[PDB]
file final.pdb (PDB, C-alpha atoms and all ligand atoms)
MODEL        1
ATOM      1  CA  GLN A   2     208.801 171.506  57.082  1.00  0.00           C
ATOM      2  CA  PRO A   3     205.688 169.506  56.106  1.00  0.00           C
ATOM      3  CA  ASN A   4     204.339 166.521  58.033  1.00  0.00           C
ATOM      4  CA  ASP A   5     205.249 163.003  56.942  1.00  0.00           C
ATOM      5  CA  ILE A   6     202.352 161.317  58.766  1.00  0.00           C
ATOM      6  CA  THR A   7     199.220 162.322  60.652  1.00  0.00           C
ATOM      7  CA  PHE A   8     197.093 160.931  63.457  1.00  0.00           C
ATOM      8  CA  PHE A   9     193.565 161.788  64.460  1.00  0.00           C
ATOM      9  CA  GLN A  10     193.943 164.548  67.002  1.00  0.00           C
ATOM     10  CA  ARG A  11     192.129 162.511  69.661  1.00  0.00           C
ATOM     11  CA  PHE A  12     195.364 160.458  69.765  1.00  0.00           C
ATOM     12  CA  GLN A  13     197.711 163.446  70.187  1.00  0.00           C
ATOM     13  CA  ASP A  14     197.869 163.331  73.983  1.00  0.00           C
ATOM     14  CA  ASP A  15     198.267 159.541  74.088  1.00  0.00           C
ATOM     15  CA  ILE A  16     201.236 159.909  71.734  1.00  0.00           C
ATOM     16  CA  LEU A  17     202.898 162.738  73.664  1.00  0.00           C
ATOM     17  CA  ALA A  18     202.370 160.811  76.922  1.00  0.00           C
ATOM     18  CA  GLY A  19     203.829 157.601  75.505  1.00  0.00           C
ATOM     19  CA  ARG A  20     200.601 155.622  75.935  1.00  0.00           C
ATOM     20  CA  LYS A  21     200.379 154.996  72.157  1.00  0.00           C
ATOM     21  CA  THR A  22     203.625 153.585  70.762  1.00  0.00           C
ATOM     22  CA  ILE A  23     202.479 151.881  67.571  1.00  0.00           C
ATOM     23  CA  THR A  24     200.138 152.760  64.760  1.00  0.00           C
ATOM     24  CA  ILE A  25     198.476 150.323  62.356  1.00  0.00           C
ATOM     25  CA  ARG A  26     198.264 151.536  58.760  1.00  0.00           C
ATOM     26  CA  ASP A  27     197.444 150.211  55.297  1.00  0.00           C
ATOM     27  CA  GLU A  28     199.664 149.798  52.224  1.00  0.00           C
ATOM     28  CA  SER A  29     199.580 153.576  51.616  1.00  0.00           C
ATOM     29  CA  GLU A  30     201.940 154.002  54.590  1.00  0.00           C
ATOM     30  CA  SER A  31     203.966 150.800  54.271  1.00  0.00           C
ATOM     31  CA  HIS A  32     207.055 152.801  53.168  1.00  0.00           C
ATOM     32  CA  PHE A  33     207.951 154.011  56.659  1.00  0.00           C
ATOM     33  CA  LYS A  34     210.753 151.934  58.125  1.00  0.00           C
ATOM     34  CA  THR A  35     213.005 151.524  61.140  1.00  0.00           C
ATOM     35  CA  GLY A  36     215.241 154.543  61.629  1.00  0.00           C
ATOM     36  CA  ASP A  37     212.919 157.008  59.925  1.00  0.00           C
ATOM     37  CA  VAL A  38     212.561 160.316  61.757  1.00  0.00           C
ATOM     38  CA  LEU A  39     209.111 161.668  60.900  1.00  0.00           C
ATOM     39  CA  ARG A  40     207.254 164.929  61.490  1.00  0.00           C
ATOM     40  CA  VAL A  41     203.772 164.196  62.858  1.00  0.00           C
ATOM     41  CA  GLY A  42     200.656 166.338  62.508  1.00  0.00           C
ATOM     42  CA  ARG A  43     196.991 166.166  63.413  1.00  0.00           C
ATOM     43  CA  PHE A  44     194.809 164.684  60.686  1.00  0.00           C
ATOM     44  CA  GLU A  45     192.154 167.348  61.169  1.00  0.00           C
ATOM     45  CA  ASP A  46     194.287 170.493  60.736  1.00  0.00           C
ATOM     46  CA  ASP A  47     197.785 169.267  59.696  1.00  0.00           C
ATOM     47  CA  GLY A  48     199.156 170.955  62.809  1.00  0.00           C
ATOM     48  CA  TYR A  49     202.579 169.619  63.750  1.00  0.00           C
ATOM     49  CA  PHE A  50     202.757 168.224  67.248  1.00  0.00           C
ATOM     50  CA  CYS A  51     205.817 165.978  67.464  1.00  0.00           C
ATOM     51  CA  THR A  52     208.673 164.265  65.666  1.00  0.00           C
ATOM     52  CA  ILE A  53     208.816 160.479  66.000  1.00  0.00           C
ATOM     53  CA  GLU A  54     211.528 157.914  65.425  1.00  0.00           C
ATOM     54  CA  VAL A  55     210.394 154.617  63.944  1.00  0.00           C
ATOM     55  CA  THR A  56     211.853 151.811  66.050  1.00  0.00           C
ATOM     56  CA  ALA A  57     210.372 148.726  64.383  1.00  0.00           C
ATOM     57  CA  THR A  58     207.971 147.678  61.650  1.00  0.00           C
ATOM     58  CA  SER A  59     206.098 144.508  60.801  1.00  0.00           C
ATOM     59  CA  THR A  60     203.157 143.311  58.771  1.00  0.00           C
ATOM     60  CA  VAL A  61     199.892 142.197  60.348  1.00  0.00           C
ATOM     61  CA  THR A  62     196.459 141.105  59.151  1.00  0.00           C
ATOM     62  CA  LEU A  63     192.988 141.667  60.548  1.00  0.00           C
ATOM     63  CA  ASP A  64     192.957 138.090  61.853  1.00  0.00           C
ATOM     64  CA  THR A  65     196.443 138.331  63.396  1.00  0.00           C
ATOM     65  CA  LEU A  66     196.003 141.597  65.297  1.00  0.00           C
ATOM     66  CA  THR A  67     196.598 140.894  68.971  1.00  0.00           C
ATOM     67  CA  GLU A  68     195.679 142.143  72.419  1.00  0.00           C
ATOM     68  CA  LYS A  69     199.213 143.518  72.586  1.00  0.00           C
ATOM     69  CA  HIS A  70     198.788 145.549  69.404  1.00  0.00           C
ATOM     70  CA  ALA A  71     195.659 147.012  70.992  1.00  0.00           C
ATOM     71  CA  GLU A  72     197.529 147.768  74.219  1.00  0.00           C
ATOM     72  CA  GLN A  73     200.254 149.591  72.253  1.00  0.00           C
ATOM     73  CA  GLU A  74     197.525 151.598  70.477  1.00  0.00           C
ATOM     74  CA  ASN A  75     196.175 152.410  73.989  1.00  0.00           C
ATOM     75  CA  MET A  76     192.917 150.631  73.100  1.00  0.00           C
ATOM     76  CA  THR A  77     191.075 147.451  73.835  1.00  0.00           C
ATOM     77  CA  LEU A  78     191.204 144.912  71.033  1.00  0.00           C
ATOM     78  CA  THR A  79     187.480 145.389  70.350  1.00  0.00           C
ATOM     79  CA  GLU A  80     188.040 149.136  70.122  1.00  0.00           C
ATOM     80  CA  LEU A  81     190.964 148.653  67.714  1.00  0.00           C
ATOM     81  CA  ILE A  82     188.973 146.406  65.364  1.00  0.00           C
ATOM     82  CA  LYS A  83     186.126 148.944  65.370  1.00  0.00           C
ATOM     83  CA  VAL A  84     188.506 151.754  64.427  1.00  0.00           C
ATOM     84  CA  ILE A  85     190.049 149.682  61.628  1.00  0.00           C
ATOM     85  CA  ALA A  86     186.599 148.752  60.310  1.00  0.00           C
ATOM     86  CA  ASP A  87     185.862 152.488  59.904  1.00  0.00           C
ATOM     87  CA  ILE A  88     189.269 153.771  58.718  1.00  0.00           C
ATOM     88  CA  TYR A  89     190.087 150.871  56.366  1.00  0.00           C
ATOM     89  CA  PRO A  90     186.699 149.379  55.456  1.00  0.00           C
ATOM     90  CA  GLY A  91     186.922 145.934  53.936  1.00  0.00           C
ATOM     91  CA  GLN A  92     190.729 145.761  54.304  1.00  0.00           C
ATOM     92  CA  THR A  93     192.701 142.927  55.891  1.00  0.00           C
ATOM     93  CA  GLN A  94     196.395 143.617  55.198  1.00  0.00           C
ATOM     94  CA  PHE A  95     198.074 146.117  57.516  1.00  0.00           C
ATOM     95  CA  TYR A  96     201.437 147.465  58.559  1.00  0.00           C
ATOM     96  CA  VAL A  97     202.618 148.120  62.094  1.00  0.00           C
ATOM     97  CA  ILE A  98     204.799 151.155  62.764  1.00  0.00           C
ATOM     98  CA  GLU A  99     206.366 151.237  66.239  1.00  0.00           C
ATOM     99  CA  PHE A 100     207.753 154.581  67.275  1.00  0.00           C
ATOM    100  CA  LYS A 101     208.837 156.912  70.036  1.00  0.00           C
ATOM    101  CA  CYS A 102     208.088 160.613  70.295  1.00  0.00           C
ATOM    102  CA  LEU A 103     211.400 162.561  70.363  1.00  0.00           C
TER     103      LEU A 103
HETATM  104  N1  LIG B 201     195.981 153.569  63.367  1.00  0.00           N
HETATM  105  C1  LIG B 201     195.630 154.700  62.749  1.00  0.00           C
HETATM  106  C2  LIG B 201     195.269 154.686  61.369  1.00  0.00           C
HETATM  107  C3  LIG B 201     194.924 155.856  60.807  1.00  0.00           C
HETATM  108  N2  LIG B 201     194.908 157.021  61.537  1.00  0.00           N
HETATM  109  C4  LIG B 201     194.541 158.310  60.918  1.00  0.00           C
HETATM  110  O1  LIG B 201     193.615 158.073  59.880  1.00  0.00           O
HETATM  111  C5  LIG B 201     194.081 158.702  58.668  1.00  0.00           C
HETATM  112  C6  LIG B 201     193.554 157.951  57.476  1.00  0.00           C
HETATM  113  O2  LIG B 201     193.893 156.575  57.557  1.00  0.00           O
HETATM  114  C7  LIG B 201     195.588 158.700  58.837  1.00  0.00           C
HETATM  115  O3  LIG B 201     196.248 159.616  57.986  1.00  0.00           O
HETATM  116  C8  LIG B 201     195.764 159.008  60.318  1.00  0.00           C
HETATM  117  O4  LIG B 201     195.567 160.402  60.523  1.00  0.00           O
HETATM  118  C9  LIG B 201     195.277 157.022  62.886  1.00  0.00           C
HETATM  119  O5  LIG B 201     195.285 158.098  63.502  1.00  0.00           O
HETATM  120  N3  LIG B 201     195.624 155.839  63.469  1.00  0.00           N
HETATM  121 MG    MG B 202     182.789 152.736  64.368  1.00  0.00          MG
ENDMDL
END

call {"tool": "encode", "arguments": {"input": "final.pdb", "output": "structure tokens"}}
result
Amino acid sequence: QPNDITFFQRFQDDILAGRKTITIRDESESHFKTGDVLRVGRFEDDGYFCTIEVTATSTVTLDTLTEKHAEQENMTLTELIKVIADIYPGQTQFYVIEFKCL
């Protein structure tokens, strides 16, 4: 059973603890949708660590990301924009995946 999605492993504990309940992705991962049950691995080694259920999705842009998105990523807003600037350089169109770890 392969993984459907990965996260940087520095987020693993936040996810398992329920501190991170959304993830902000680009068009490459815009196909995930409410009701999806997804196997989740670490980006660095593809090691499975949980199965999530997608509970909501929405679109967002760089200039419409909010303090609340940051809070749900378990980050400050400044920290979130910094991460996006590195992961998705030059990009402005994003996709919010809200989820719970099963
Ligand atoms: N909000 C985000 C966006 C991305 N990522 C990780 O970065 C990889 C490449 O985008 C993704 O495959 C994922 O591992 C993340 O952990 N959190
Ligand atoms: Mg940086």

call {"tool": "residues_around", "arguments": {"input": "final.pdb", "residues": "stretch 3-20 of chain A", "least_positions_apart": "2", "cutoff": "8 Å", "atoms": "all atoms listed in the file", "output": "ChimeraX atom specification"}}
result
/A:22,39-45,47,49-51,73-75,101-102

call {"tool": "closest_residue", "arguments": {"input": "final.pdb", "among": "A:62, A:53, A:79, A:69", "to": "residue A:26", "atoms": "only C-alpha atoms"}}
result
A:62

call {"tool": "residues_near_point", "arguments": {"input": "final.pdb", "point": "(190.8, 139.2, 53.2)", "cutoff": "12 Å", "atoms": "all atoms listed in the file", "output": "number ranges by chain"}}
result
A: 61-65, 90-95

call {"tool": "atom_distance", "arguments": {"input": "final.pdb", "atom1": "atom CA of residue A:57", "atom2": "atom CA of residue A:83"}}
result
24.3 Å

call {"tool": "atom_distance", "arguments": {"input": "final.pdb", "atom1": "atom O5 of ligand LIG 201 (chain B)", "atom2": "atom CA of residue A:25"}}
result
8.5 Å

call {"tool": "residues_near_ligand", "arguments": {"input": "final.pdb", "ligand": "ligand MG 202 (chain B)", "cutoff": "7 Å", "atoms": "all atoms listed in the file", "output": "list in words"}}
result
residues 83, 84, 86 and 87 of chain A

call {"tool": "atom_distance", "arguments": {"input": "final.pdb", "atom1": "atom CA of residue A:37", "atom2": "atom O3 of ligand LIG 201 (chain B)"}}
result
17.0 Å

call {"tool": "closest_residue", "arguments": {"input": "final.pdb", "among": "A:85, A:103, A:76, A:66", "to": "ligand LIG 201 (chain B)", "atoms": "only C-alpha atoms and all ligand atoms"}}
result
A:85

call {"tool": "residues_around", "arguments": {"input": "final.pdb", "residues": "residue A:96", "least_positions_apart": "3", "cutoff": "8 Å", "atoms": "all atoms listed in the file", "output": "PyMOL selection string"}}
result
chain A and resi 25-28+30-31+58-61

call {"tool": "closest_residue", "arguments": {"input": "final.pdb", "among": "A:88, A:70, A:78, A:48", "to": "residue A:24", "atoms": "only C-alpha atoms"}}
result
A:70

call {"tool": "decode", "arguments": {"input": "final.pdb", "residues": "stretch 38-61 of chain A", "atoms": "N, CA and C atoms", "output": "PDB file, in the first residue's frame"}}
result
ATOM      1  N   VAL A  38      -9.727   9.169   1.672  1.00  0.00           N
ATOM      2  CA  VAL A  38      -8.962   8.563   2.753  1.00  0.00           C
ATOM      3  C   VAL A  38      -7.582   8.253   2.186  1.00  0.00           C
ATOM      4  N   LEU A  39      -6.546   8.879   2.745  1.00  0.00           N
ATOM      5  CA  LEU A  39      -5.229   8.924   2.115  1.00  0.00           C
ATOM      6  C   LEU A  39      -4.155   8.363   3.035  1.00  0.00           C
ATOM      7  N   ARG A  40      -3.258   7.551   2.478  1.00  0.00           N
ATOM      8  CA  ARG A  40      -2.098   7.087   3.233  1.00  0.00           C
ATOM      9  C   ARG A  40      -0.993   8.135   3.156  1.00  0.00           C
ATOM     10  N   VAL A  41      -0.406   8.466   4.306  1.00  0.00           N
ATOM     11  CA  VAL A  41       0.505   9.599   4.438  1.00  0.00           C
ATOM     12  C   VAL A  41       1.880   9.094   4.838  1.00  0.00           C
ATOM     13  N   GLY A  42       2.913   9.539   4.118  1.00  0.00           N
ATOM     14  CA  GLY A  42       4.280   9.194   4.435  1.00  0.00           C
ATOM     15  C   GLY A  42       5.142  10.431   4.648  1.00  0.00           C
ATOM     16  N   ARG A  43       6.349  10.189   5.140  1.00  0.00           N
ATOM     17  CA  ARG A  43       7.344  11.238   5.276  1.00  0.00           C
ATOM     18  C   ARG A  43       7.960  11.516   3.913  1.00  0.00           C
ATOM     19  N   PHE A  44       8.142  12.802   3.598  1.00  0.00           N
ATOM     20  CA  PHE A  44       8.760  13.159   2.327  1.00  0.00           C
ATOM     21  C   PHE A  44      10.142  12.530   2.206  1.00  0.00           C
ATOM     22  N   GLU A  45      10.896  12.532   3.300  1.00  0.00           N
ATOM     23  CA  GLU A  45      12.316  12.206   3.235  1.00  0.00           C
ATOM     24  C   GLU A  45      12.567  10.724   2.969  1.00  0.00           C
ATOM     25  N   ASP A  46      11.757   9.830   3.544  1.00  0.00           N
ATOM     26  CA  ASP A  46      11.971   8.398   3.348  1.00  0.00           C
ATOM     27  C   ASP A  46      10.763   7.622   2.831  1.00  0.00           C
ATOM     28  N   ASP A  47       9.640   8.284   2.550  1.00  0.00           N
ATOM     29  CA  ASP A  47       8.400   7.621   2.138  1.00  0.00           C
ATOM     30  C   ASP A  47       7.857   6.661   3.186  1.00  0.00           C
ATOM     31  N   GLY A  48       8.265   6.822   4.441  1.00  0.00           N
ATOM     32  CA  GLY A  48       7.764   5.969   5.497  1.00  0.00           C
ATOM     33  C   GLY A  48       6.346   6.350   5.860  1.00  0.00           C
ATOM     34  N   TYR A  49       5.417   5.402   5.752  1.00  0.00           N
ATOM     35  CA  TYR A  49       4.057   5.620   6.221  1.00  0.00           C
ATOM     36  C   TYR A  49       4.063   6.043   7.681  1.00  0.00           C
ATOM     37  N   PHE A  50       3.210   7.004   8.021  1.00  0.00           N
ATOM     38  CA  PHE A  50       2.974   7.264   9.436  1.00  0.00           C
ATOM     39  C   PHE A  50       1.521   7.483   9.820  1.00  0.00           C
ATOM     40  N   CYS A  51       0.606   7.732   8.889  1.00  0.00           N
ATOM     41  CA  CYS A  51      -0.792   7.767   9.290  1.00  0.00           C
ATOM     42  C   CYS A  51      -1.658   7.736   8.043  1.00  0.00           C
ATOM     43  N   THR A  52      -2.944   7.507   8.270  1.00  0.00           N
ATOM     44  CA  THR A  52      -3.973   7.605   7.246  1.00  0.00           C
ATOM     45  C   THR A  52      -4.867   8.777   7.620  1.00  0.00           C
ATOM     46  N   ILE A  53      -5.093   9.690   6.674  1.00  0.00           N
ATOM     47  CA  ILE A  53      -5.921  10.857   6.941  1.00  0.00           C
ATOM     48  C   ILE A  53      -7.213  10.762   6.151  1.00  0.00           C
ATOM     49  N   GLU A  54      -8.233  11.424   6.672  1.00  0.00           N
ATOM     50  CA  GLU A  54      -9.473  11.684   5.960  1.00  0.00           C
ATOM     51  C   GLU A  54      -9.538  13.170   5.640  1.00  0.00           C
ATOM     52  N   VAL A  55      -9.733  13.477   4.363  1.00  0.00           N
ATOM     53  CA  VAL A  55      -9.932  14.856   3.940  1.00  0.00           C
ATOM     54  C   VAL A  55     -11.337  15.301   4.318  1.00  0.00           C
ATOM     55  N   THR A  56     -11.423  16.394   5.071  1.00  0.00           N
ATOM     56  CA  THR A  56     -12.702  16.896   5.553  1.00  0.00           C
ATOM     57  C   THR A  56     -13.195  18.140   4.839  1.00  0.00           C
ATOM     58  N   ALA A  57     -12.320  18.860   4.149  1.00  0.00           N
ATOM     59  CA  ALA A  57     -12.741  20.023   3.384  1.00  0.00           C
ATOM     60  C   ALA A  57     -11.602  20.409   2.462  1.00  0.00           C
ATOM     61  N   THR A  58     -11.939  21.086   1.368  1.00  0.00           N
ATOM     62  CA  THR A  58     -10.926  21.672   0.500  1.00  0.00           C
ATOM     63  C   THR A  58     -11.393  23.045   0.038  1.00  0.00           C
ATOM     64  N   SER A  59     -10.426  23.863  -0.352  1.00  0.00           N
ATOM     65  CA  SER A  59     -10.724  25.184  -0.880  1.00  0.00           C
ATOM     66  C   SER A  59      -9.504  25.651  -1.653  1.00  0.00           C
ATOM     67  N   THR A  60      -9.695  26.688  -2.456  1.00  0.00           N
ATOM     68  CA  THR A  60      -8.560  27.328  -3.099  1.00  0.00           C
ATOM     69  C   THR A  60      -8.150  28.556  -2.296  1.00  0.00           C
ATOM     70  N   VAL A  61      -6.871  28.906  -2.404  1.00  0.00           N
ATOM     71  CA  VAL A  61      -6.345  30.095  -1.751  1.00  0.00           C
ATOM     72  C   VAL A  61      -5.217  30.613  -2.627  1.00  0.00           C
TER      73      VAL A  61
END
